[PDB]
$ cat input28.pdb   # PDB, C-alpha atoms
ATOM      1  CA  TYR A   1       0.000   0.000   0.000
ATOM      2  CA  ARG A   2       1.524   3.290  -1.171
ATOM      3  CA  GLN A   3       1.602   6.102   1.408
ATOM      4  CA  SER A   4       0.996   9.746   0.480
ATOM      5  CA  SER A   5      -0.021  12.927   2.316
ATOM      6  CA  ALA A   6       2.159  15.961   1.555
ATOM      7  CA  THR A   7       2.119  17.406  -1.973
ATOM      8  CA  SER A   8       5.122  18.445  -4.077
ATOM      9  CA  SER A   9       7.180  17.612  -0.949
ATOM     10  CA  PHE A  10       8.785  14.425  -2.374
ATOM     11  CA  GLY A  11       8.466  14.858  -6.176
ATOM     12  CA  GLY A  12       7.431  11.999  -8.469
ATOM     13  CA  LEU A  13       8.355   8.624  -6.987
ATOM     14  CA  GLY A  14       7.149   5.188  -8.103
ATOM     15  CA  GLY A  15       7.094   3.929  -4.505
ATOM     16  CA  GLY A  16       4.581   5.274  -1.977
ATOM     17  CA  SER A  17       7.281   5.434   0.702
ATOM     18  CA  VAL A  18       8.414   9.068   0.742
ATOM     19  CA  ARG A  19      10.469  11.135   3.193
ATOM     20  CA  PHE A  20       8.561  12.642   6.105
ATOM     21  CA  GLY A  21       9.011  15.962   7.913
ATOM     22  CA  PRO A  22       8.708  16.599  11.736
ATOM     23  CA  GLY A  23       4.977  15.906  11.426
ATOM     24  CA  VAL A  24       3.173  14.189   8.536
ATOM     25  CA  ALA A  25      -0.560  13.419   8.481
ATOM     26  CA  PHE A  26      -1.171  10.204   6.537
ATOM     27  CA  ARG A  27      -3.542   7.225   6.636
ATOM     28  CA  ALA A  28      -2.394   4.962   9.477
ATOM     29  CA  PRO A  29      -1.378   1.343   8.447
ATOM     30  CA  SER A  30      -4.254  -1.154   8.368
ATOM     31  CA  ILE A  31      -4.748  -3.527  11.281
ATOM     32  CA  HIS A  32      -4.486  -6.370   8.741
ATOM     33  CA  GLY A  33      -1.066  -8.045   8.620
TER      34      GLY A  33
END
$ encode --input "input28.pdb" --output "structure tokens"
Amino acid sequence: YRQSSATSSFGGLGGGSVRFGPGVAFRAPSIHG
């Protein structure tokens, strides 16, 4: 599951995993797994 929240803060990356600042608001990982 690709993770995304901030815009134009990581550029165009194939993988969802992007660098995060002091505080990033993103969808928390699913309970599943």
$ atom_distance --input "input28.pdb" --atom1 "CA of residue 28 (chain A)" --atom2 "CA of residue 9 (chain A)"
19.0 Å
$ resolve_selection --input "input28.pdb" --expression "the PyMOL selection byres ((chain A and resi 20) around 12)" --output "list in words"
residues 3, 4, 5, 6, 7, 9, 10, 16, 17, 18, 19, 21, 22, 23, 24, 25 and 26 of chain A
$ axis_aligned_box --input "input28.pdb" --around "region 14-33 of chain A" --padding-each-side "4 Å" --output "lines of an AutoDock Vina configuration file"
center_x = 2.9
center_y = 4.3
center_z = 1.8
size_x = 23.2
size_y = 32.6
size_z = 27.8
$ decode --input "input28.pdb" --residues "region 1-27 of chain A" --atoms "N, CA, C and O atoms" --output "mmCIF file, in the first residue's frame"
data_model
loop_
_atom_site.group_PDB
_atom_site.id
_atom_site.type_symbol
_atom_site.label_atom_id
_atom_site.label_comp_id
_atom_site.auth_asym_id
_atom_site.auth_seq_id
_atom_site.Cartn_x
_atom_site.Cartn_y
_atom_site.Cartn_z
ATOM 1 N N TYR A 1 0.862 -1.216 0.000
ATOM 2 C CA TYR A 1 0.000 0.000 0.000
ATOM 3 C C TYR A 1 0.883 1.245 0.000
ATOM 4 O O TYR A 1 1.656 1.466 0.935
ATOM 5 N N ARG A 2 0.748 2.057 -1.052
ATOM 6 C CA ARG A 2 1.524 3.290 -1.171
ATOM 7 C C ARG A 2 1.019 4.340 -0.180
ATOM 8 O O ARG A 2 -0.191 4.488 0.011
ATOM 9 N N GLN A 3 1.954 5.064 0.439
ATOM 10 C CA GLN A 3 1.602 6.102 1.408
ATOM 11 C C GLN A 3 1.858 7.489 0.829
ATOM 12 O O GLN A 3 2.921 7.742 0.256
ATOM 13 N N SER A 4 0.877 8.381 0.986
ATOM 14 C CA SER A 4 0.996 9.746 0.480
ATOM 15 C C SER A 4 0.148 10.706 1.309
ATOM 16 O O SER A 4 -0.965 10.368 1.720
ATOM 17 N N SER A 5 0.684 11.906 1.544
ATOM 18 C CA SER A 5 -0.021 12.927 2.316
ATOM 19 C C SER A 5 0.367 14.322 1.830
ATOM 20 O O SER A 5 -0.475 15.064 1.318
ATOM 21 N N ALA A 6 1.649 14.662 1.988
ATOM 22 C CA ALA A 6 2.159 15.961 1.555
ATOM 23 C C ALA A 6 2.215 16.019 0.035
ATOM 24 O O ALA A 6 2.373 14.987 -0.622
ATOM 25 N N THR A 7 2.083 17.228 -0.520
ATOM 26 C CA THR A 7 2.119 17.406 -1.973
ATOM 27 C C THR A 7 3.369 18.174 -2.387
ATOM 28 O O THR A 7 3.824 19.073 -1.675
ATOM 29 N N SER A 8 3.916 17.803 -3.545
ATOM 30 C CA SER A 8 5.122 18.445 -4.077
ATOM 31 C C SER A 8 6.240 18.517 -3.023
ATOM 32 O O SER A 8 7.150 19.344 -3.135
ATOM 33 N N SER A 9 6.168 17.645 -2.011
ATOM 34 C CA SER A 9 7.180 17.612 -0.949
ATOM 35 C C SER A 9 8.174 16.453 -1.135
ATOM 36 O O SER A 9 9.155 16.356 -0.393
ATOM 37 N N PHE A 10 7.912 15.576 -2.112
ATOM 38 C CA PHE A 10 8.785 14.425 -2.374
ATOM 39 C C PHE A 10 9.017 14.206 -3.882
ATOM 40 O O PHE A 10 9.808 13.339 -4.264
ATOM 41 N N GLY A 11 8.327 14.986 -4.727
ATOM 42 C CA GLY A 11 8.466 14.858 -6.176
ATOM 43 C C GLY A 11 7.711 13.636 -6.684
ATOM 44 O O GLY A 11 6.810 13.137 -6.009
ATOM 45 N N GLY A 12 8.083 13.166 -7.877
ATOM 46 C CA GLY A 12 7.431 11.999 -8.469
ATOM 47 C C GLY A 12 8.235 10.734 -8.210
ATOM 48 O O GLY A 12 9.304 10.536 -8.791
ATOM 49 N N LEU A 13 7.701 9.882 -7.333
ATOM 50 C CA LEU A 13 8.355 8.624 -6.987
ATOM 51 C C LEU A 13 7.410 7.450 -7.221
ATOM 52 O O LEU A 13 6.230 7.515 -6.869
ATOM 53 N N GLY A 14 7.942 6.383 -7.818
ATOM 54 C CA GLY A 14 7.149 5.188 -8.103
ATOM 55 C C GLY A 14 6.621 4.553 -6.820
ATOM 56 O O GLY A 14 5.478 4.091 -6.774
ATOM 57 N N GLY A 15 7.468 4.522 -5.788
ATOM 58 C CA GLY A 15 7.094 3.929 -4.505
ATOM 59 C C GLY A 15 6.371 4.931 -3.610
ATOM 60 O O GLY A 15 6.729 6.111 -3.566
ATOM 61 N N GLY A 16 5.361 4.439 -2.890
ATOM 62 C CA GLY A 16 4.581 5.274 -1.977
ATOM 63 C C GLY A 16 5.455 5.838 -0.864
ATOM 64 O O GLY A 16 5.270 6.983 -0.446
ATOM 65 N N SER A 17 6.391 5.018 -0.379
ATOM 66 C CA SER A 17 7.281 5.434 0.702
ATOM 67 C C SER A 17 8.064 6.683 0.310
ATOM 68 O O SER A 17 8.934 6.638 -0.563
ATOM 69 N N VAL A 18 7.749 7.787 0.982
ATOM 70 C CA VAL A 18 8.414 9.068 0.742
ATOM 71 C C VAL A 18 8.938 9.628 2.059
ATOM 72 O O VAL A 18 8.464 9.238 3.125
ATOM 73 N N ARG A 19 9.908 10.539 1.984
ATOM 74 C CA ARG A 19 10.469 11.135 3.193
ATOM 75 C C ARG A 19 9.400 11.911 3.936
ATOM 76 O O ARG A 19 8.443 12.403 3.333
ATOM 77 N N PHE A 20 9.548 11.972 5.258
ATOM 78 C CA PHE A 20 8.561 12.642 6.105
ATOM 79 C C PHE A 20 9.226 13.735 6.937
ATOM 80 O O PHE A 20 10.364 13.578 7.388
ATOM 81 N N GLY A 21 8.501 14.836 7.134
ATOM 82 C CA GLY A 21 9.011 15.962 7.913
ATOM 83 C C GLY A 21 8.763 15.737 9.412
ATOM 84 O O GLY A 21 8.410 14.622 9.806
ATOM 85 N N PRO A 22 8.933 16.751 10.263
ATOM 86 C CA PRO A 22 8.708 16.599 11.736
ATOM 87 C C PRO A 22 7.339 15.995 12.036
ATOM 88 O O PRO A 22 7.200 15.167 12.941
ATOM 89 N N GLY A 23 6.337 16.411 11.259
ATOM 90 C CA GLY A 23 4.977 15.906 11.426
ATOM 91 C C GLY A 23 4.291 15.730 10.074
ATOM 92 O O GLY A 23 4.148 16.690 9.314
ATOM 93 N N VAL A 24 3.859 14.498 9.794
ATOM 94 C CA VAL A 24 3.173 14.189 8.536
ATOM 95 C C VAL A 24 1.850 13.487 8.844
ATOM 96 O O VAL A 24 1.823 12.498 9.581
ATOM 97 N N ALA A 25 0.761 14.004 8.269
ATOM 98 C CA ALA A 25 -0.560 13.419 8.481
ATOM 99 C C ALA A 25 -0.925 12.506 7.316
ATOM 100 O O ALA A 25 -1.251 12.978 6.225
ATOM 101 N N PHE A 26 -0.859 11.199 7.561
ATOM 102 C CA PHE A 26 -1.171 10.204 6.537
ATOM 103 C C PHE A 26 -2.064 9.100 7.107
ATOM 104 O O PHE A 26 -2.167 8.949 8.326
ATOM 105 N N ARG A 27 -2.684 8.327 6.215
ATOM 106 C CA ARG A 27 -3.542 7.225 6.636
ATOM 107 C C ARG A 27 -2.703 6.209 7.410
ATOM 108 O O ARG A 27 -1.698 5.712 6.897
#
